[PDB]
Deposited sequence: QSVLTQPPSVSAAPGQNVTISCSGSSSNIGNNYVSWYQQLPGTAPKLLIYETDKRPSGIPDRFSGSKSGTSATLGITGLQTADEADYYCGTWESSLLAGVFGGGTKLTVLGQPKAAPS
């Protein structure tokens, strides 16, 4: 006879990509419970200006902040075929 009485008080605060918390696998027989690996198989005239949290062609996880991002300017981007006198 198997008996379980789990109690999990979980608090997740400002944690984006969290995974597999507070899980209870109770049984009389169990093969490969909780199988959650993280496998990664990585095979391998423009004037641009970028500011802030940016992704271009990624497969990456959650990008965030918990707080304040203060005033940003990006003041002046004079590029291709431009002429000033």
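The deposited chain is incompletely modelled, with C-alpha atoms absent over 1-8, 53-67, 109-118.
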